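**Student:** Any chance you could fold what I've pasted below:
(chains A and B)
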Amino acid sequence: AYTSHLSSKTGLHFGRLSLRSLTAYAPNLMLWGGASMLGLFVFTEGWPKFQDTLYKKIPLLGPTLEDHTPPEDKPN
Amino acid sequence: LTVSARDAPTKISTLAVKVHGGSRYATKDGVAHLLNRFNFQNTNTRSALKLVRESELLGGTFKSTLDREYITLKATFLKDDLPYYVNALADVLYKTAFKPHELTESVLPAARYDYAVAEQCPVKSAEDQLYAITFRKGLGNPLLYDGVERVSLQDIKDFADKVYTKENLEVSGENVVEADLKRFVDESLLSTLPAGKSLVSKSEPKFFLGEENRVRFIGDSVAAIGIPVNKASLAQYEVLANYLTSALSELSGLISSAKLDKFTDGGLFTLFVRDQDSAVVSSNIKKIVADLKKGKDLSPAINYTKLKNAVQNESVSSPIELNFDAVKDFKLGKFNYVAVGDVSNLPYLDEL
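**Tutor:** Numbering: from 1, shown residues only, chains lettered A, B, ... in the order given. For reference, the structure is listed below:
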């Protein structure tokens, strides 16, 4: 036929960020969240509270981190 | 309001609204160029940004071309959205904004760019000189705005009200269903345009012969001869232009360009000889004018110029349908001469 009008909606946006760009970006945002969580798992490894809660629960690297000094050669 | 269209089984249509509103009908120097650069700006309803950003998604572009006679508003599109472009050309003709901030920000820089580009070429400078000394106040108006007289915004509105009138333009659609085009041009604003008079005169343009102009120019040097021709003598100078452009002539190695500009009441045959150093231009155009004042047999170029005329004529919407059959001989009479560039070494009109 013949089309006289261009039918379009105005999208959803907050000036710069669009909903379309947010949905296109969101899984890589989840990947960056996971990458930053691995970065915190690196830079908090020596923390013995995070070792006790998290890193000693690991199967192959968990009992590796804990020490085996008896309470006879520890001064405190 | 003459609507014509030539249907075809293809995918792309072109629409063209041709006004008789080029530089020939300009009241001041360059109003036609400024209106042409003011064509596809924003309207009273739809902006110019909305025009481009809707027409791209529909699939076609626009282009306003300024001629020596017409102003052509062309619009190229996929076939199945013709009423959008009919209504868009209608909105452009009927209701343009003509805002002063649009004059200062878009139209004046675009016209200054067009004028700088056509100023850098001495062939267009010599063509404008040859027009302006063949005919004086008619076709010899300047094609482009240069600012030697103050063209204001109100003058562009006045010239547009004079020129964009209902009996002055013609709608022509290549690859358009013509009955559909006539239904869409009506029920639009082309039918609500003012039915003014047509500015096409039916008389002869009152030419002048033997005039000579000289323009200094830093760069290349061209020398140009130019003959105003009438309606009975259009085919002969057509076969002459294709003879000197063609490989039948012995002067094609010397001639840079040779073309006949045709109008509905006459024409101008313009021959340009352009080179870097003025001695080559001098020797070349002395040989051109001597071997043209001595006669030429334009009988061999007839079947060649039927071909080149059909090639050039299939693009345009208004053919003039020349004869090409009674043309036998040519001998150069009087002619107008411009010299652009190293102007103290290009010859004068007496030495030719």
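
**Student:** okay, CA-based contacts and neighbour counts for the rest of this
**Tutor:** Fine.

**Student:** give the contact list for the residue of the stretch 201-350 of chain B found nearest chain A.
**Tutor:** Closest to chain A within the stretch 201-350 of chain B is residue B:317: 23.8 Å, counting by CA to the nearest CA. Taking CA atoms under 8 Å, 6 or more residues apart in numbering or on different chains as the criterion, residue B:317 is in contact with B:172, B:174.

**Student:** Which element, helix or strand, includes it?
**Tutor:** If you go by DSSP states H and E, residue B:317 is not part of any helix or strand.

**Student:** do you know how far it is from residue B:261?
**Tutor:** According to CA to CA, to the nearest Å, residue B:317 and residue B:261 sit 16 Å apart.

**Student:** now do residue B:212
**Tutor:** Residue B:212 is 20 Å from residue B:261, where distance means CA to CA.

**Student:** the more surrounded of those two?
**Tutor:** It is residue B:212, of residue B:212 and residue B:261, that has more neighbours when counted by other CA atoms under 10 Å in any protein chain shown, with 19 against 15.

**Student:** does the closest residue to the more buried one other than its chain neighbours count as helix, strand or coil?
**Tutor:** Nearest non-adjacent residue to residue B:212, counting by CA to CA, 6 or more residues apart in numbering or on different chains: residue B:337, 4.7 Å away. Three-state call for residue B:337 (DSSP: H, G, I helix; E, B strand; the rest coil): strand.

**Student:** ok, residue B:337 touching residue B:351?
**Tutor:** No. Using CA atoms under 8 Å, residue B:337 is not in contact with residue B:351, being 11.3 Å away.

**Student:** which of these two has more neighbours?
**Tutor:** residue B:337 (27 against 8).

**Student:** residue contacts, that one?
**Tutor:** Counting by CA under 8 Å, 6+ apart, residue B:337 touches B:130, B:210-213, B:223-226, B:349.

**Student:** Same list, these, but as a markdown table with secondary structure please.
**Tutor:** Shown next, in a markdown table, are these (three-state DSSP):
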| residue | secondary structure |
| --- | --- |
| B:130 | helix |
| B:210 | coil |
| B:211 | coil |
| B:212 | strand |
| B:213 | strand |
| B:223 | strand |
| B:224 | strand |
| B:225 | strand |
| B:226 | strand |
| B:349 | coil |
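
**Student:** now for those residues, which pair is the farthest apart?
**Tutor:** B:210 and B:223 (14.7 Å; CA to CA).

**Student:** ok, these two, which is more surrounded?
**Tutor:** When neighbours are counted by other CA under 10 Å, residue B:223 comes out ahead of the other of residue B:210 and residue B:223, with 29 against 15.

**Student:** Apart from its neighbours in sequence, what residue is nearest the more buried one?
**Tutor:** residue B:339 (4.5 Å).

**Student:** didn't the one you found look like it was pressed against residue B:126?
**Tutor:** Yes. Applying CA under 8 Å as the test, residue B:339 and residue B:126 come out as touching, 7.1 Å apart.

**Student:** which of the two has more neighbours?
**Tutor:** Applying other CA under 10 Å to residue B:339 and residue B:126 shows that residue B:339 carries more neighbours, namely 32 against 26.

**Student:** Can you give me the separation between residue B:149 and residue B:205?
**Tutor:** With CA to CA as the criterion, residue B:149 and residue B:205 are 24 Å apart.

**Student:** from memory residue B:30 sits against residue B:143, does it?
**Tutor:** Yes. Here residue B:30 reaches residue B:143: they are 6.6 Å apart, a contact under CA under 8 Å.

**Student:** between the two, what contacts are shared?
**Tutor:** Joint contacts of residue B:30 and residue B:143 (CA under 8 Å, 6+ apart) are residue B:23.

**Student:** Next, residue B:16: secondary structure please.
**Tutor:** Applying three-state DSSP: residue B:16 is strand.

**Student:** Let me see the contact set for the residue most central in space within chain B.
**Tutor:** Nearest to the mean C-alpha position of chain B, by CA atoms, centre = their mean, lies residue B:67 at 3.1 Å. Contact analysis of residue B:67 by CA under 8 Å, 6+ apart lists B:22-23, B:143.

**Student:** And for residue 69, the neighbour number?
**Tutor:** Going with chain A. A count of nearby residues for residue A:69, using other CA under 10 Å, gives 8.

**Student:** hm, I was asking about chain B
**Tutor:** 21.

**Student:** Pull the residues that contact the helix ranked longest in chain A.
**Tutor:** As assigned by DSSP state H, the longest helix anywhere in chain A is helix A:19-43. Residues from elsewhere that reach helix A:19-43, judged by CA under 8 Å, 6+ apart: A:11-13.

**Student:** Look up how far residue B:90 lies from the residue in the stretch 151-300 of chain B positioned nearest to chain A.
**Tutor:** Here the stretch 151-300 of chain B gets closest to chain A at one residue, residue B:180, 9.7 Å apart by CA to the nearest CA. Distance, residue B:180 to residue B:90, by CA to CA: 16 Å.

**Student:** tell me the centre residue of chain A?
**Tutor:** residue A:34 (2.4 Å).

**Student:** So the residue lying closest to residue B:157 once chain neighbours are set aside, which state does it fall into?
**Tutor:** With CA to CA, 6+ apart as the criterion, residue B:157 has its nearest non-adjacent residue at 7.1 Å, and that residue is residue B:98. Assigned by three-state DSSP, the conformation of residue B:98 is coil.

**Student:** wait, isn't residue B:98 in contact with residue B:38?
**Tutor:** Yes. Counting by CA under 8 Å, residue B:98 does reach residue B:38; the two are 7.4 Å apart.

**Student:** more neighbours, these two?
**Tutor:** Under the neighbour definition other CA under 10 Å, residue B:98 and residue B:38 were set side by side, and residue B:38 has more, 25 against 19.
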